[PDB]
Each structure stands twice: as structure tokens, then as C-alpha cells.
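Have a look at target.cif; it's mmCIF, C-alpha atoms:
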```cif
data_final
loop_
_atom_site.group_PDB
_atom_site.id
_atom_site.type_symbol
_atom_site.label_atom_id
_atom_site.label_comp_id
_atom_site.auth_asym_id
_atom_site.auth_seq_id
_atom_site.Cartn_x
_atom_site.Cartn_y
_atom_site.Cartn_z
ATOM 1 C CA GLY A 1 54.471 -121.445 63.095
ATOM 2 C CA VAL A 2 54.537 -119.344 59.911
ATOM 3 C CA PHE A 3 58.019 -118.670 58.471
ATOM 4 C CA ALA A 4 58.181 -115.914 55.753
ATOM 5 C CA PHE A 5 61.091 -115.317 53.384
ATOM 6 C CA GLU A 6 61.311 -112.691 50.615
ATOM 7 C CA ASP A 7 63.354 -112.365 47.361
ATOM 8 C CA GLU A 8 63.239 -109.959 44.444
ATOM 9 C CA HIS A 9 63.763 -110.903 40.858
ATOM 10 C CA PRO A 10 64.378 -108.082 38.394
ATOM 11 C CA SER A 11 63.148 -108.811 34.896
ATOM 12 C CA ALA A 12 63.133 -106.933 31.599
ATOM 13 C CA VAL A 13 59.588 -108.092 30.899
ATOM 14 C CA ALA A 14 56.785 -105.584 31.351
ATOM 15 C CA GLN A 15 54.508 -106.126 34.341
ATOM 16 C CA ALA A 16 51.297 -106.625 32.414
ATOM 17 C CA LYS A 17 52.916 -109.124 30.048
ATOM 18 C CA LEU A 18 54.604 -111.158 32.815
ATOM 19 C CA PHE A 19 51.439 -111.006 34.958
ATOM 20 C CA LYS A 20 49.296 -112.438 32.134
ATOM 21 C CA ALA A 21 51.798 -115.272 31.490
ATOM 22 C CA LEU A 22 51.967 -115.959 35.264
ATOM 23 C CA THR A 23 48.225 -116.048 35.719
ATOM 24 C CA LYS A 24 46.410 -117.095 32.524
ATOM 25 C CA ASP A 25 48.953 -118.939 30.423
ATOM 26 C CA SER A 26 51.219 -120.646 32.919
ATOM 27 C CA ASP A 27 49.377 -123.997 32.631
ATOM 28 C CA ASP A 28 50.572 -124.295 28.972
ATOM 29 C CA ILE A 29 54.048 -122.853 29.564
ATOM 30 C CA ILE A 30 55.283 -124.716 32.573
ATOM 31 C CA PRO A 31 54.995 -128.205 31.011
ATOM 32 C CA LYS A 32 56.722 -126.995 27.817
ATOM 33 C CA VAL A 33 59.732 -125.383 29.641
ATOM 34 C CA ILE A 34 60.147 -127.770 32.555
ATOM 35 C CA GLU A 35 61.177 -131.247 31.318
ATOM 36 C CA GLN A 36 60.021 -133.186 34.374
ATOM 37 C CA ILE A 37 56.571 -131.555 34.590
ATOM 38 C CA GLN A 38 54.312 -133.824 32.527
ATOM 39 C CA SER A 39 50.963 -132.062 32.910
ATOM 40 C CA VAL A 40 48.871 -129.479 34.717
ATOM 41 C CA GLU A 41 45.241 -130.410 35.283
ATOM 42 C CA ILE A 42 42.470 -128.456 36.988
ATOM 43 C CA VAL A 43 40.949 -130.477 39.813
ATOM 44 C CA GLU A 44 38.183 -127.894 40.523
ATOM 45 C CA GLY A 45 37.643 -124.298 39.434
ATOM 46 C CA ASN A 46 37.501 -121.853 36.490
ATOM 47 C CA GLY A 47 40.989 -120.428 36.700
ATOM 48 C CA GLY A 48 40.216 -117.780 39.321
ATOM 49 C CA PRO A 49 40.667 -117.638 43.167
ATOM 50 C CA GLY A 50 39.958 -120.998 44.761
ATOM 51 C CA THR A 51 40.962 -123.155 41.729
ATOM 52 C CA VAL A 52 42.788 -126.348 42.652
ATOM 53 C CA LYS A 53 45.353 -127.831 40.193
ATOM 54 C CA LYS A 54 47.363 -131.073 40.123
ATOM 55 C CA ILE A 55 50.868 -130.769 38.691
ATOM 56 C CA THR A 56 52.606 -134.057 37.900
ATOM 57 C CA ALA A 57 56.395 -134.320 37.613
ATOM 58 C CA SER A 58 57.912 -137.469 36.076
ATOM 59 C CA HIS A 59 60.700 -139.057 38.174
ATOM 60 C CA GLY A 60 61.087 -140.225 41.818
ATOM 61 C CA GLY A 61 61.042 -143.683 40.259
ATOM 62 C CA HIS A 62 57.901 -143.175 38.187
ATOM 63 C CA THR A 63 56.284 -139.951 39.539
ATOM 64 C CA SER A 64 55.608 -137.113 42.051
ATOM 65 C CA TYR A 65 52.858 -134.470 42.254
ATOM 66 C CA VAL A 66 51.686 -131.417 44.063
ATOM 67 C CA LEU A 67 48.340 -129.686 44.496
ATOM 68 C CA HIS A 68 48.146 -125.902 44.116
ATOM 69 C CA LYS A 69 45.323 -123.665 45.199
ATOM 70 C CA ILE A 70 45.073 -120.149 43.708
ATOM 71 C CA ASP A 71 44.481 -117.878 46.621
ATOM 72 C CA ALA A 72 44.302 -114.473 45.041
ATOM 73 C CA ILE A 73 44.669 -112.666 41.717
ATOM 74 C CA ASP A 74 44.683 -108.898 41.547
ATOM 75 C CA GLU A 75 45.290 -107.443 38.115
ATOM 76 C CA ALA A 76 45.248 -103.786 39.368
ATOM 77 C CA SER A 77 48.208 -104.387 41.680
ATOM 78 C CA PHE A 78 49.812 -107.307 39.847
ATOM 79 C CA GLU A 79 49.514 -109.631 42.855
ATOM 80 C CA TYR A 80 49.234 -113.364 42.420
ATOM 81 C CA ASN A 81 49.205 -115.710 45.399
ATOM 82 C CA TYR A 82 49.018 -119.514 45.376
ATOM 83 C CA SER A 83 49.498 -122.335 47.976
ATOM 84 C CA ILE A 84 50.801 -125.878 47.784
ATOM 85 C CA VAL A 85 48.127 -127.623 49.843
ATOM 86 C CA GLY A 86 49.216 -131.183 49.381
ATOM 87 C CA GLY A 87 50.815 -133.921 47.411
ATOM 88 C CA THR A 88 53.971 -135.911 47.855
ATOM 89 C CA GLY A 89 55.886 -132.759 46.866
ATOM 90 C CA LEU A 90 54.762 -131.069 50.176
ATOM 91 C CA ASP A 91 57.104 -132.045 53.004
ATOM 92 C CA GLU A 92 55.556 -133.846 55.944
ATOM 93 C CA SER A 93 56.599 -131.196 58.436
ATOM 94 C CA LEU A 94 54.407 -128.625 56.767
ATOM 95 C CA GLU A 95 50.666 -127.828 56.658
ATOM 96 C CA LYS A 96 51.133 -125.783 53.488
ATOM 97 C CA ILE A 97 53.456 -123.327 51.749
ATOM 98 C CA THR A 98 52.207 -120.042 50.339
ATOM 99 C CA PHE A 99 53.819 -117.994 47.545
ATOM 100 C CA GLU A 100 52.890 -114.321 47.299
ATOM 101 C CA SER A 101 53.985 -112.537 44.173
ATOM 102 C CA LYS A 102 53.851 -108.918 43.365
ATOM 103 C CA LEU A 103 55.218 -107.286 40.196
ATOM 104 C CA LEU A 104 56.670 -103.874 40.889
ATOM 105 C CA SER A 105 57.761 -101.741 37.993
ATOM 106 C CA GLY A 106 61.479 -101.808 37.276
ATOM 107 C CA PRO A 107 63.829 -99.541 35.290
ATOM 108 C CA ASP A 108 63.350 -99.536 31.501
ATOM 109 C CA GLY A 109 59.694 -100.593 31.577
ATOM 110 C CA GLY A 110 60.780 -103.881 33.178
ATOM 111 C CA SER A 111 59.552 -105.624 36.322
ATOM 112 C CA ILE A 112 60.782 -106.547 39.766
ATOM 113 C CA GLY A 113 58.940 -109.579 41.054
ATOM 114 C CA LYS A 114 58.721 -109.587 44.845
ATOM 115 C CA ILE A 115 58.206 -113.172 45.910
ATOM 116 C CA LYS A 116 57.435 -113.965 49.551
ATOM 117 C CA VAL A 117 57.251 -117.690 50.510
ATOM 118 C CA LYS A 118 55.426 -118.540 53.756
ATOM 119 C CA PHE A 119 55.953 -121.941 55.367
ATOM 120 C CA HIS A 120 53.121 -123.132 57.622
ATOM 121 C CA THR A 121 54.848 -125.593 59.907
ATOM 122 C CA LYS A 122 53.229 -128.186 62.109
ATOM 123 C CA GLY A 123 55.766 -127.366 64.816
ATOM 124 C CA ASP A 124 58.290 -124.740 65.868
ATOM 125 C CA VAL A 125 61.192 -125.727 63.661
ATOM 126 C CA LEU A 126 61.754 -125.387 59.864
ATOM 127 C CA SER A 127 64.319 -127.684 58.243
ATOM 128 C CA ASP A 128 66.974 -125.846 56.174
ATOM 129 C CA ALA A 129 66.792 -128.414 53.393
ATOM 130 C CA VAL A 130 62.979 -128.138 53.329
ATOM 131 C CA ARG A 131 63.177 -124.363 53.154
ATOM 132 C CA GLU A 132 65.760 -124.324 50.409
ATOM 133 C CA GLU A 133 64.131 -126.945 48.201
ATOM 134 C CA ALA A 134 60.690 -125.349 48.247
ATOM 135 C CA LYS A 135 62.165 -121.847 47.490
ATOM 136 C CA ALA A 136 64.055 -123.232 44.569
ATOM 137 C CA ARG A 137 61.003 -125.021 43.212
ATOM 138 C CA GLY A 138 58.806 -121.908 43.502
ATOM 139 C CA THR A 139 61.495 -119.655 41.987
ATOM 140 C CA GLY A 140 62.012 -122.117 39.153
ATOM 141 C CA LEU A 141 58.304 -121.817 38.022
ATOM 142 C CA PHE A 142 58.616 -118.044 38.067
ATOM 143 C CA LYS A 143 61.789 -118.275 35.932
ATOM 144 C CA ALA A 144 60.278 -120.857 33.571
ATOM 145 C CA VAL A 145 57.452 -118.456 32.795
ATOM 146 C CA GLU A 146 59.573 -115.318 32.692
ATOM 147 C CA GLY A 147 62.231 -116.960 30.515
ATOM 148 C CA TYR A 148 59.556 -118.135 28.080
ATOM 149 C CA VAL A 149 58.074 -114.657 27.758
ATOM 150 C CA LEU A 150 61.543 -113.139 27.163
ATOM 151 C CA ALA A 151 62.456 -115.680 24.481
ATOM 152 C CA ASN A 152 59.029 -115.250 22.800
ATOM 153 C CA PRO A 153 58.405 -111.515 22.197
ATOM 154 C CA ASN A 154 54.858 -111.867 20.921
ATOM 155 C CA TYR A 155 53.306 -115.161 22.037
ATOM 156 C CA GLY B 1 82.981 -101.325 8.383
ATOM 157 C CA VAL B 2 82.712 -103.456 11.500
ATOM 158 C CA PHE B 3 80.421 -102.127 14.263
ATOM 159 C CA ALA B 4 80.688 -103.802 17.677
ATOM 160 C CA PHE B 5 78.190 -103.463 20.567
ATOM 161 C CA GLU B 6 78.651 -105.243 23.833
ATOM 162 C CA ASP B 7 76.199 -106.117 26.618
ATOM 163 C CA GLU B 8 76.498 -107.970 29.934
ATOM 164 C CA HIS B 9 74.040 -110.450 31.343
ATOM 165 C CA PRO B 10 74.287 -111.638 34.992
ATOM 166 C CA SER B 11 72.990 -115.161 35.605
ATOM 167 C CA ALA B 12 72.742 -117.525 38.581
ATOM 168 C CA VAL B 13 73.760 -120.510 36.419
ATOM 169 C CA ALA B 14 77.392 -121.609 36.920
ATOM 170 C CA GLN B 15 79.770 -120.941 34.097
ATOM 171 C CA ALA B 16 80.477 -124.628 33.276
ATOM 172 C CA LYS B 17 76.792 -125.567 33.236
ATOM 173 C CA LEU B 18 75.687 -122.613 31.120
ATOM 174 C CA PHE B 19 78.680 -123.128 28.764
ATOM 175 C CA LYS B 20 77.746 -126.760 28.239
ATOM 176 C CA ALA B 21 74.113 -125.738 27.510
ATOM 177 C CA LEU B 22 75.104 -123.022 24.961
ATOM 178 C CA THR B 23 77.587 -125.130 23.015
ATOM 179 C CA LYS B 24 76.287 -128.739 23.213
ATOM 180 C CA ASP B 25 72.553 -128.683 23.832
ATOM 181 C CA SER B 26 71.307 -125.445 22.312
ATOM 182 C CA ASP B 27 70.134 -127.281 19.176
ATOM 183 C CA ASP B 28 67.571 -129.177 21.236
ATOM 184 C CA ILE B 29 66.665 -126.425 23.647
ATOM 185 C CA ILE B 30 66.167 -123.541 21.252
ATOM 186 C CA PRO B 31 63.281 -125.030 19.163
ATOM 187 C CA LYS B 32 61.442 -126.086 22.389
ATOM 188 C CA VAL B 33 61.650 -122.661 24.029
ATOM 189 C CA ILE B 34 61.338 -120.367 21.049
ATOM 190 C CA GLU B 35 57.943 -120.814 19.378
ATOM 191 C CA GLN B 36 58.792 -119.464 15.943
ATOM 192 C CA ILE B 37 62.114 -121.321 15.540
ATOM 193 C CA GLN B 38 60.857 -124.404 13.633
ATOM 194 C CA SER B 39 64.089 -126.290 13.389
ATOM 195 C CA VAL B 40 67.901 -126.402 13.668
ATOM 196 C CA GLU B 41 69.543 -128.572 10.949
ATOM 197 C CA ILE B 42 73.253 -129.333 10.839
ATOM 198 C CA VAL B 43 74.409 -128.606 7.277
ATOM 199 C CA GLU B 44 77.938 -129.881 7.888
ATOM 200 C CA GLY B 45 80.028 -130.834 10.924
ATOM 201 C CA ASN B 46 79.470 -132.552 14.275
ATOM 202 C CA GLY B 47 78.587 -129.528 16.395
ATOM 203 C CA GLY B 48 82.173 -128.415 17.088
ATOM 204 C CA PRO B 49 84.075 -125.446 15.553
ATOM 205 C CA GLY B 50 83.466 -125.185 11.794
ATOM 206 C CA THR B 51 79.972 -126.761 11.949
ATOM 207 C CA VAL B 52 77.425 -125.020 9.756
ATOM 208 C CA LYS B 53 73.780 -124.935 10.815
ATOM 209 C CA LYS B 54 70.593 -123.707 9.159
ATOM 210 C CA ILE B 55 68.088 -122.287 11.535
ATOM 211 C CA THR B 56 64.570 -121.896 10.104
ATOM 212 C CA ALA B 57 62.037 -119.557 11.785
ATOM 213 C CA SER B 58 58.369 -118.762 11.088
ATOM 214 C CA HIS B 59 56.297 -115.578 11.541
ATOM 215 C CA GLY B 60 52.965 -114.313 10.240
ATOM 216 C CA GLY B 61 52.728 -116.451 7.123
ATOM 217 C CA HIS B 62 56.377 -115.724 6.418
ATOM 218 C CA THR B 63 59.297 -118.186 6.694
ATOM 219 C CA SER B 64 62.984 -117.093 6.831
ATOM 220 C CA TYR B 65 66.227 -118.855 7.632
ATOM 221 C CA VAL B 66 69.712 -118.033 8.550
ATOM 222 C CA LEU B 67 72.978 -119.997 8.343
ATOM 223 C CA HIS B 68 75.291 -120.136 11.419
ATOM 224 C CA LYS B 69 78.984 -121.174 11.349
ATOM 225 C CA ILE B 70 80.459 -122.124 14.814
ATOM 226 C CA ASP B 71 83.722 -120.111 14.778
ATOM 227 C CA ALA B 72 85.328 -120.990 18.069
ATOM 228 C CA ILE B 73 84.631 -122.917 21.229
ATOM 229 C CA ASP B 74 87.242 -122.548 23.972
ATOM 230 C CA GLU B 75 86.275 -124.403 27.086
ATOM 231 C CA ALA B 76 89.131 -123.075 29.318
ATOM 232 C CA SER B 77 88.203 -119.455 28.758
ATOM 233 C CA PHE B 78 84.433 -120.091 28.293
ATOM 234 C CA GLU B 79 84.324 -118.455 24.879
ATOM 235 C CA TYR B 80 81.811 -119.441 22.255
ATOM 236 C CA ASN B 81 81.753 -117.561 18.971
ATOM 237 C CA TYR B 82 79.424 -118.018 15.963
ATOM 238 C CA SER B 83 78.606 -116.058 12.815
ATOM 239 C CA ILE B 84 75.504 -115.599 10.761
ATOM 240 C CA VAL B 85 76.914 -115.997 7.262
ATOM 241 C CA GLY B 86 73.805 -115.973 5.060
ATOM 242 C CA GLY B 87 70.117 -116.483 4.723
ATOM 243 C CA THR B 88 66.946 -114.558 4.005
ATOM 244 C CA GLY B 89 67.201 -113.666 7.712
ATOM 245 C CA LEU B 90 70.505 -111.742 7.221
ATOM 246 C CA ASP B 91 69.851 -108.142 6.071
ATOM 247 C CA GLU B 92 70.965 -107.036 2.636
ATOM 248 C CA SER B 93 73.139 -104.293 4.158
ATOM 249 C CA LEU B 94 75.329 -106.908 5.889
ATOM 250 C CA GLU B 95 78.165 -109.265 4.916
ATOM 251 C CA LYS B 96 77.795 -111.113 8.208
ATOM 252 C CA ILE B 97 77.176 -110.804 11.923
ATOM 253 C CA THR B 98 79.475 -112.263 14.544
ATOM 254 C CA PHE B 99 78.417 -113.012 18.131
ATOM 255 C CA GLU B 100 81.311 -113.353 20.507
ATOM 256 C CA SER B 101 80.280 -114.820 23.869
ATOM 257 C CA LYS B 102 82.275 -115.089 27.040
ATOM 258 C CA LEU B 103 81.076 -116.310 30.482
ATOM 259 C CA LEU B 104 82.891 -114.431 33.287
ATOM 260 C CA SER B 105 82.747 -115.499 37.001
ATOM 261 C CA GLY B 106 79.838 -113.784 38.669
ATOM 262 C CA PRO B 107 78.909 -113.559 42.379
ATOM 263 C CA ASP B 108 77.291 -116.575 44.119
ATOM 264 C CA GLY B 109 79.131 -119.045 41.876
ATOM 265 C CA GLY B 110 76.917 -117.697 39.055
ATOM 266 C CA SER B 111 78.141 -116.117 35.854
ATOM 267 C CA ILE B 112 78.204 -113.030 33.685
ATOM 268 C CA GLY B 113 77.566 -113.480 30.026
ATOM 269 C CA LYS B 114 79.387 -110.755 28.079
ATOM 270 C CA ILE B 115 77.982 -110.808 24.541
ATOM 271 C CA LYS B 116 79.579 -108.762 21.785
ATOM 272 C CA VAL B 117 77.752 -108.410 18.451
ATOM 273 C CA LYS B 118 79.895 -107.411 15.450
ATOM 274 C CA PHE B 119 78.142 -106.195 12.302
ATOM 275 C CA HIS B 120 80.200 -106.423 9.147
ATOM 276 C CA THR B 121 78.557 -103.853 6.926
ATOM 277 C CA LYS B 122 78.855 -103.514 3.174
ATOM 278 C CA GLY B 123 78.934 -99.690 3.541
ATOM 279 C CA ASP B 124 79.800 -97.172 6.303
ATOM 280 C CA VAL B 125 76.454 -96.946 8.024
ATOM 281 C CA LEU B 126 74.432 -99.436 10.087
ATOM 282 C CA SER B 127 70.656 -99.014 10.174
ATOM 283 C CA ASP B 128 69.070 -98.700 13.614
ATOM 284 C CA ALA B 129 66.298 -101.232 12.868
ATOM 285 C CA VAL B 130 68.922 -103.695 11.552
ATOM 286 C CA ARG B 131 71.082 -103.263 14.675
ATOM 287 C CA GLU B 132 68.235 -103.710 17.179
ATOM 288 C CA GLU B 133 66.569 -106.727 15.547
ATOM 289 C CA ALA B 134 69.852 -108.670 15.259
ATOM 290 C CA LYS B 135 70.867 -107.740 18.819
ATOM 291 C CA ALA B 136 67.462 -108.819 20.097
ATOM 292 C CA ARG B 137 67.445 -112.075 18.114
ATOM 293 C CA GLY B 138 70.916 -112.908 19.454
ATOM 294 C CA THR B 139 70.149 -112.019 23.063
ATOM 295 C CA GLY B 140 66.965 -114.034 22.762
ATOM 296 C CA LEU B 141 68.894 -117.232 21.890
ATOM 297 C CA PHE B 142 71.199 -116.722 24.902
ATOM 298 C CA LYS B 143 68.272 -115.988 27.311
ATOM 299 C CA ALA B 144 66.207 -118.911 25.950
ATOM 300 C CA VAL B 145 69.005 -121.390 26.802
ATOM 301 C CA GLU B 146 69.791 -119.762 30.168
ATOM 302 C CA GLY B 147 66.093 -119.746 31.183
ATOM 303 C CA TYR B 148 65.867 -123.419 30.266
ATOM 304 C CA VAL B 149 68.825 -124.357 32.450
ATOM 305 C CA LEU B 150 67.452 -122.409 35.463
ATOM 306 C CA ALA B 151 64.138 -124.177 35.071
ATOM 307 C CA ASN B 152 65.827 -127.633 34.648
ATOM 308 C CA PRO B 153 68.844 -127.898 36.984
ATOM 309 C CA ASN B 154 69.452 -131.536 35.954
ATOM 310 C CA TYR B 155 68.586 -131.959 32.270
#
```
Same coordinates, now as C-alpha cells:
Amino acid sequence: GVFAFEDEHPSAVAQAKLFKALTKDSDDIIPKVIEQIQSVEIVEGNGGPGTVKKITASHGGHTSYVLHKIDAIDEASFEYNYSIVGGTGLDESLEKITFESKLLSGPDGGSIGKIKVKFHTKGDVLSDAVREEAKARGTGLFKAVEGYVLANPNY
Amino acid sequence: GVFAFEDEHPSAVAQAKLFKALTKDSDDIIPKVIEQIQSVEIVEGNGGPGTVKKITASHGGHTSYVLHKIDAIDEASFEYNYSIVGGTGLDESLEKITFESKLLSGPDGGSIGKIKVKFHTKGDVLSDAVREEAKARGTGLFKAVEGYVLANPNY
């Protein structure tokens, strides 16, 4: 099945500024802000739709890793979608997880990031722990990037 | 005179975790998250009340620094107060600035950071540019530490 969940994250950061950090500069930000994440390397691609990246997090004894595919980037509507297509960080019960982000405008020139996470299960059931852990991990990357942009006016 | 402005900041971080971050680990966190803050040097003290710190920042080609004294740290009430007592970063119109921070219980086991900025002016007027810059700098330090804790549950 395909299980979809949605959250909204208001932010004081302007859409265009948050969108650029989310889509062009997140490879440099995420490793800086998240301790565990050691590196972000491009496996194939030029940064646009279709690019595959390997993100390595130090722990789980020595390591862990996940592979992300960028599915879509739409500057006009501030939509950014990516999938976790593999890696030890993708639970065995799942085919893939997709994150769809859209930055709506919020009060005071801020943003409201609508984040929908879709779980592509192998079967008919979705574990609660699997759902919760993946949502936290995806929300944490959004926050790492948004928090960085807040703390660094002009970067 | 003394001009006091207060703002509230909801957060999903629990009071005890955010309090620990703000008062024990901010010295390490702040220079990692905020690009222009070059360093945090303890001038005197061990980090507790009474400690004096020199925070050096760097813009365009321009360096500037400010001296912070930790005024109070009350763990039971989650109050953390510090003052900016001098430095090229403190405006000539001011004697000092005092940030009074208090973490209230928020919904979801999260918290509400109530931050009060007190400007101790040499005269009877406070410049708008001076008020906004200081208020932004101070909110930035709070948000930089909070963003870091959200991104790293277990640092």
C-alpha cells in the first residue's frame, strides 16, 4: 500500500530563501548542522530531478546510510520532492518513502512548509515505530536547514 | 532609561533539554551554527553565573566583539539571564543590554521561550535600528541553539 501523512511547519523564513537552502545548498548545510551526518555525496546526477545521493551517518556501531533520489523541483510553486530509495536507513518493510514539500506563504513574509510523507509498503500494514522514526528523520532535515537559514541572515 | 521588549517563541524541544543546551553547550553550538561568530572565549569563570565571555563575530571585512556576563541561571524555574556589558558590538547609545530568558511549559511536552530584552540607555530615547539589530542578534542565538537541538536529539 501507500500510506500518506501530512504536517505543516510555520517558519519566519521567506519562501524563496528557504526553498534555495532546501534545494541548492542543503548538501553543505546538513552535514554542518547534524552531528551524526558525516557526508553527502552525489552518486549520479547534476543536482536536478533524478539525482541520486548517498548520505552517511556515523553511529550504529561504525555507520549507517541512506540513498535519496530527487524526484521533482519546481521553483515557481516552491515544491521539492525526494525519495529514500534504499540503504540500511530504509526499513525492510518498505519499498520506499517519499517526502513532498511545498512552501506556502505565511504571515509576515514567512513560510508554511507543507510536508507530506508517503510510505510505500510491501504489504498491508505500516509499523507505528517505522512511521514515527521516518517522519522524525525527514522533519529533522527540514529543521536543520530552516534553523541554519534563520541563524544566518545572509549566507 | 530602561526599555524592555518581550517576545515568545514556541518550540517542540522539552524545557529541560533546551535549558541544558542554552546554559551548558551554547559555547560549542553557537560558532558551528552561526557562520560569522568566529569564537566564544571565556574571559573569567567556569560557565556558571558571573562568568564573562568574549564573543567575536566577523562581517564584510569588519570584525567586532561583545562581552557577555552570565547574570543568573536558575534551573528550577528555567531562567537564564545574561548581559552584554561592552564591546565594539554594543552601541554607543547604550550602557548595556540584558536578555532575560524563561522556558515555560508548552503543549506536547514542548516549551515556550519567553525572551525579554532590556536596553539600558544613556539618554531617554532608543534608536529603532539599535533596538531591532540587538533584538535580532539575541533571538538569533536562541534560535541557533534550539535548531541545533531539534536536528540532534541526542548530542
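Picked out by the PyMOL selection byres ((chain A) within 7 of (chain B)) when it runs on this file: residues 33, 34, 35, 140, 141, 143, 144, 147, 148, 151 and 152 of chain A.
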Practice problem: Do a neighbour search on stretch 38-48 of chain A at 12 Å with all atoms listed in the file, toss out local chain neighbours closer than 2 positions, and write the hits as a PyMOL selection string. | Solution: chain A and resi 22-36+50-59+62-75+80-82
Practice problem: On this file, the PyMOL selection byres ((chain B and resi 106) around 9) gives some set of residues; write that set as a ChimeraX atom specification. | Solution: /B:10-12,14-15,103-105,107-113
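For the atom pair formed by atom CA of residue B:101 and atom CA of residue B:115, the distance is 4.7 Å, given to one decimal.
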Practice problem: After a least-squares superposition of chain B onto chain A, with every Cα atom paired in order, give the RMSD to one decimal place. | Solution: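 C-alpha RMSD after least-squares superposition: 0.7 Å.
In this comparison, which uses only C-alpha atoms, the residue of A:60, A:7, A:123, A:79 approaching residue A:20 most closely is A:79.
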Quiz item: Neighbours of stretch 127-134 of chain A within 10 Å (all atoms listed in the file; same-chain residues fewer than 4 positions away dropped), as a PyMOL selection string?
Solution: chain A and resi 3+5+84+89-94+97+117-119+121+138-140
Quiz prompt | Atomic distance atom CA of residue A:2 - atom CA of residue A:114, expressed in Å with one decimal | solution = 18.4 Å
Quiz item: Which distance in Å separates atom CA of residue B:124 and atom CA of residue B:88, to one decimal?
Solution: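 We find that atom CA of residue B:124 and atom CA of residue B:88 lie 21.7 Å from each other.
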